[PDB]
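Protein chains: 2
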Amino acid sequence: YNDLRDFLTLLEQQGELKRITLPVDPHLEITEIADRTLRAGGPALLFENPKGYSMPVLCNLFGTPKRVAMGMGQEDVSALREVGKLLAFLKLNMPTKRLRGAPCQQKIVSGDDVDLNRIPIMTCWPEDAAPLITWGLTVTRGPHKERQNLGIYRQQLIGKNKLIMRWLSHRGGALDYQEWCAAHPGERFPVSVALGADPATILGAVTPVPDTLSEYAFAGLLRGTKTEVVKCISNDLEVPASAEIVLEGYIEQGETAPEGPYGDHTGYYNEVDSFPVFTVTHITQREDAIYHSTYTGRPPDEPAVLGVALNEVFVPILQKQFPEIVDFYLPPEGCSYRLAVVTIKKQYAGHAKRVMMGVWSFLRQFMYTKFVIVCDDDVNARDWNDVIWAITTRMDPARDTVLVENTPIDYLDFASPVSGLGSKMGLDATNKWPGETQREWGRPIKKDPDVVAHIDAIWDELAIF
Amino acid sequence: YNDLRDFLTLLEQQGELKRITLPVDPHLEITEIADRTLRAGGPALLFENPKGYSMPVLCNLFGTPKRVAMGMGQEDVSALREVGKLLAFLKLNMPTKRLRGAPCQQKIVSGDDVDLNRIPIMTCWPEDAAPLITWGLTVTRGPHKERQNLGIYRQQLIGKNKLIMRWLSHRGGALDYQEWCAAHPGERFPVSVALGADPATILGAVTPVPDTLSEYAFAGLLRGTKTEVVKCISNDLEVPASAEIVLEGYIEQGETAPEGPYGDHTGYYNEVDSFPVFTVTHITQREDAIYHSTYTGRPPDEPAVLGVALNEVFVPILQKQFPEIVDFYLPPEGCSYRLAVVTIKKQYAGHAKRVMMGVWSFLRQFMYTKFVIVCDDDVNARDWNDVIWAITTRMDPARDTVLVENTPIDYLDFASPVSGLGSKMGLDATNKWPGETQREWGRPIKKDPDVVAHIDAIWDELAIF
Ligand SMILES: Cc1cc2c3c(c1C)C(C)(C)CC=[N+]3c1c([nH]c(=O)[nH]c1=O)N2C[C@H](O)[C@H](O)[C@H](O)COP(=O)(O)O
Ligand SMILES: Cc1cc2c3c(c1C)C(C)(C)CC=[N+]3c1c([nH]c(=O)[nH]c1=O)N2C[C@H](O)[C@H](O)[C@H](O)COP(=O)(O)O
Ligand SMILES: [Mn+2]
Ligand SMILES: [Mn+2]
Ligand code: NA
Ligand code: NA
């Protein structure tokens, strides 16, 4: 049973983990180092000597797509499509195996002894309001079913034992809380947060499984074995037995705090807003605990890289519905969800428009995607040289652009005319068939596949780089 | 095992079948009578004395939605949603049970003895080219899989032993033929057509199951028992053992004939066009054979009524994908597929636009639907009094209308600017939320559910009608 430490050893053996012994400040400096590292596609980083703390800080864990694949037990990034077919089928799944004891409860501190200032919580960007917890798996139950939701919600430090719980309203945690308030007026909402669980559990948290299903069950499928958990000390929620640190407590109904500003995955600061306060009554941890953290900012960042790997999971699901789709890609540069490029085997005049409408309606992850570019299958969706070529040689802008107004848009997207509402643009860059054009369309240059294959074979021997 | 005769007895016992003993001409007159009957919601009709023939003609079999439900073994039309959930799951299924002999091969005629003029084939409308077979289950195999497709394709009489096979190019039969031609150049394509099978087999033929699956297998699920078949005499295709009449033969590669004009479900004539010729080498039938027929024309007609019952099947499938959908209805007046009304529990600004795009992209049956009206759940989608009310009180036409151009359109829709290509219109008639409008929206009048329930209870006793 691989916990997180086993994963770090695996990475270190493969030159995918680097230990920093120099003094480095959790205030701003770690983010700067990790940002350079990620942008050059370097290793995961373990800062063994954070200025002013004894607990090492692990970050950039999932800063390459390879390391996301490795964290699901697979060799490479193409294996992620198979986990996508699996995800199709859930739309008996395996419960958790509850241990009687666990390393994450070796050292326990509670009540007045709780001090989150002892943890090397990072400050990411210069005008961020305060230190911010960024890799917490938040565990909740609602009042109406047994299912335990795991989510990643950022958490601002506001006291020795107070965090802000910044879940957006469509998240599992926020729905569970909202229902608890209606169904049990005035009663404290139990909550627990696990830091540094095994990678299958972490990636399971972030994969959008149904709300009906526990993210613990999915992680079991990725792992091949049941997720090992332990009952929390102060509530009936279960947390991963291998966790490095666990926070337990509750949300007092009505209690809220102004959150942020914080730099966001779009590369801008979110302005201040109110969210629930999470009161921390217990902090449990391993001997030798490692603090797992990250940051978001201008893309690409670790979330963006996670998001590119998880898009591979969705390709199969889309292809099941739309078998004409050859590839489907959401570039990191587009803030991970705002632009999609789709390639198809076009079969009839107008086909591109059906595909756009499918991207905008089929799955909710893409409901808010404001640019969609559709191309033929001779275009590599992942290369702007091909995509721009297609746009500039197969479109007449006014004929081939679809605009739709008053559509749902992310409420934090300041570029839309009104919060929550905006337009979308679809670019039909497919070759135009009779009916779509009265001109003689051009015959595109295709490569000889035998020449390509021969050059693949002798490429290393050629030794050009 | 209910064959068709058992179904007719069931109908007759319930006042849903009427026998006509007066002389009535298959040329034009039967259509006129059936049209009046259907438009007044009357029974199925068995003309025992067709002028100039000895074989009775059965028509308007499925001219009420009730009779469609009855033909699936169910009591009423609401049960069709359950067959819809079933249809969701197929996306072991049961093979056919092959009998050693069958009533449909009691009287056999072949080669030079084949005369389709002995059958009371109907002429539907005054300017139709020729008599037309309208309720044939066409059975085919492709060369690449075992699966037997059943489809209903209209067939013009052009000789003693020649029919035109008018399958549109996306039908199972037409794809099977097309592949046969590529895979076995110049070889005759075996084909067989069953007239008057049991109602589960007929409705199975017309339900859009996957191309992967045999329509015979679905009929088995509707029935509860395997579809009983018999091997054809002249090929390896299987036809329903209970069939009243079966035509066997082949399509000679390259041989085509000008088809029509024929009046169509839109209420207009299709102009002439070429289709493959089906050469009939055998005609098998029961003692006492009954000829099953119908017509299409200005809606509503039997196809339209079939189509309304089968839309009930799709509601669940749509709801699985889009749980906000409360109801989804394609009125017969809109030529059965050209306009849809959808009602939703609206949950956010812009929601109607996601739903429109789903209707236009999720299922292929609705890819060609050119008007979509979206309303809230206080509107009965099936009552133009509600729908027009919603349109006229909740829309500003220019703000709330979505137009999209150069989308796929049915090639026979003469109203589009170019064959196969046209625009679509979505009307967002939902209540507008903040963001969508800066005005104070109106509070709609809701009825007291206790008053409604009380009036349901005393309604018969009130005896107003
Ligand atoms: C990986 C990751 C995902 C974050 C995230 C972060 C990371 C590292 C941070 C901490 C660096 C900064 C932004 N975080 C938030 C977030 N979702 C959210 O509602 N609030 C957030 O603050 N997301 C997304 C959220 O965790 C995922 O969408 C989950 O799949 C939601 O699960 P649920 O649908 O069960 O609630
Ligand atoms: C019930 C019914 C369906 C007709 C039909 C008729 C009826 C009575 C007629 C005979 C009265 C006049 C129009 N017919 C045609 C037709 N489809 C087609 O390609 N050509 C047709 O001529 N349809 C539709 C076709 O039979 C159904 O769409 C099948 O589900 C197609 O099956 P497939 O997808 O397996 O080919
Ligand atoms: Mn979840
Ligand atoms: Mn079929
Ligand atoms: Na989650
Ligand atoms: Na069919």
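Sequence order for the protein chains is A and B.
Mapped onto UniProt numbering, the consecutive letters of the first sequence carry residue numbers 6 to 96, 118 to 491.
Mapped onto UniProt numbering, the consecutive letters of the second sequence carry residue numbers 6 to 96, 118 to 491.
Backbone N, C-alpha and C fix where the C-beta goes; we use that ideal spot for every residue, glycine too.
Residue i versus residue j: straight-line alpha-carbon distance, rounded
{"i": "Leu-85/B", "j": "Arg-41/B", "result": "27 Å"}
{"i": "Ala-315/A", "j": "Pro-61/A", "result": "8 Å"}
{"i": "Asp-30/B", "j": "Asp-482/B", "result": "46 Å"}
{"i": "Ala-245/A", "j": "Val-82/A", "result": "17 Å"}
{"i": "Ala-378/A", "j": "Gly-76/A", "result": "36 Å"}
{"i": "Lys-346/B", "j": "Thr-369/B", "result": "15 Å"}
{"i": "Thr-307/A", "j": "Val-217/A", "result": "10 Å"}
{"i": "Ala-489/B", "j": "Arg-380/A", "result": "52 Å"}
{"i": "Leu-66/B", "j": "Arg-364/B", "result": "25 Å"}
{"i": "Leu-92/B", "j": "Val-339/A", "result": "26 Å"}
{"i": "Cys-64/B", "j": "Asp-290/B", "result": "17 Å"}
{"i": "residue 111/B", "j": "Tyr-179/B", "result": "This model leaves out residue 111/B; its place in chain B lies between 96 and 118, and no residues are given there."}
{"i": "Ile-159/B", "j": "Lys-371/A", "result": "37 Å"}
{"i": "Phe-392/A", "j": "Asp-436/A", "result": "11 Å"}
{"i": "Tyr-374/B", "j": "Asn-457/B", "result": "11 Å"}
{"i": "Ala-128/B", "j": "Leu-9/B", "result": "14 Å"}
{"i": "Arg-324/B", "j": "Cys-361/B", "result": "8 Å"}
{"i": "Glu-297/A", "j": "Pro-326/A", "result": "21 Å"}
{"i": "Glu-270/A", "j": "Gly-20/A", "result": "23 Å"}
{"i": "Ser-300/A", "j": "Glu-17/A", "result": "41 Å"}
{"i": "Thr-463/A", "j": "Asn-261/B", "result": "46 Å"}
{"i": "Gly-68/B", "j": "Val-135/B", "result": "33 Å"}
{"i": "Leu-247/B", "j": "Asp-474/A", "result": "50 Å"}
{"i": "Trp-161/A", "j": "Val-430/A", "result": "37 Å"}
{"i": "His-480/B", "j": "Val-405/B", "result": "21 Å"}
{"i": "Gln-132/B", "j": "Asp-141/B", "result": "17 Å"}
{"i": "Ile-309/B", "j": "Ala-424/A", "result": "58 Å"}
DSSP state of residue i mapped onto helix, strand, coil
{"i": "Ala-245/B", "result": "helix"}
{"i": "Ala-441/A", "result": "coil"}
{"i": "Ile-259/B", "result": "coil"}
{"i": "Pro-61/B", "result": "coil"}
{"i": "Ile-147/B", "result": "coil"}
{"i": "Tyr-355/A", "result": "strand"}
{"i": "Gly-275/A", "result": "strand"}
{"i": "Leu-51/A", "result": "strand"}
{"i": "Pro-28/A", "result": "coil"}
{"i": "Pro-225/B", "result": "helix"}
{"i": "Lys-23/B", "result": "strand"}
{"i": "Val-82/B", "result": "helix"}
{"i": "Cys-401/B", "result": "strand"}
{"i": "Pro-266/B", "result": "strand"}
Chain C residues whose Cβ lies nearer than 8 Å to that of residue i
{"i": "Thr-433/B", "result": "Absent from the structure: chain C. Protein chains present are A and B."}
To be precise: take each residue of the segment 448-468 of chain B, compare its Cβ to all Cβ atoms of chain A, and keep it if any distance is under 7 Å. Which residues remain? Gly-461, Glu-462
Beta carbon nearer than 6 Å to a non-hydrogen atom of ligand 7: Ligand 7 is absent from the structure shown, which contains only ligand 1, ligand 2, ligand 3, ligand 4, ligand 5 and ligand 6.
Could you tell me whether the segment 270-287 of chain B touches the segment 180-192 of chain B, where touching means 3 or more Cβ pairs closer than 8 Å? Yes: at least three Cβ pairs fall under 8 Å.
Note down, one range per segment and in chain order, each alpha helix (DSSP H) of at least 4 residues found wholly within the segment 277-352 of chain B. Here the runs fully enclosed are 328-347.
Cβ pair count under 8 Å reaching 3, the segment 378-393 of chain B against the segment 302-317 of chain B: no
Would you mind listing the beta strand (DSSP E) stretches within the segment 403-478 of chain B that are 3+ residues and don't spill past its ends, in chain order? DSSP runs (the beta strand (DSSP E)) wholly in the segment 403-478 of chain B: 427-434, 447-454.
Any 3 or more C-beta pairs closer than 8 Å across the segment 254-266 of chain B and the segment 218-229 of chain B: yes
Any residues in the segment 353-379 of chain A with a beta carbon nearer than 9 Å to a beta carbon of chain B? Which ones, in chain order? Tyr-374, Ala-375, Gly-376, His-377, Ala-378, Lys-379
Could you please tell me which residues of the segment 174-196 of chain A, in chain order, have their CB closer than 7 Å to any CB of chain B? none
Contiguous alpha helix (DSSP H) assignments of at least 4 residues, all confined to the segment 165-216 of chain B: 198-209
Contact between the segment 204-219 of chain A and the segment 166-182 of chain A: three or more CB pairs below 8 Å? The segment 204-219 of chain A and the segment 166-182 of chain A touch, with no fewer than 3 CB-CB distances between them shorter than 8 Å.
Inter-stretch contact at 8 Å, needing at least 3 Cβ pairs: the segment 51-61 of chain A / the segment 19-28 of chain A: The segment 51-61 of chain A is in contact with the segment 19-28 of chain A.
Stretch-stretch touch, CB-based, cutoff 8 Å, three pairs: the segment 140-153 of chain A with the segment 191-204 of chain A: no
Listed in chain order, which residues of the segment 385-416 of chain B have Cβ atoms closer than 8 Å to some Cβ of chain A? For chain A, the residues of the segment 385-416 of chain B that bring a beta carbon within less than 8 Å of one of its beta carbons are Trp-386, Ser-387, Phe-388, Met-393, in chain order.
If contact means a Cβ-Cβ distance below 9 Å, which residues of the segment 215-246 of chain A contact chain B? none
Residues in the segment 321-354 of chain A with C-beta within 7 Å of chain B's C-beta atoms, listed in sequence order? none
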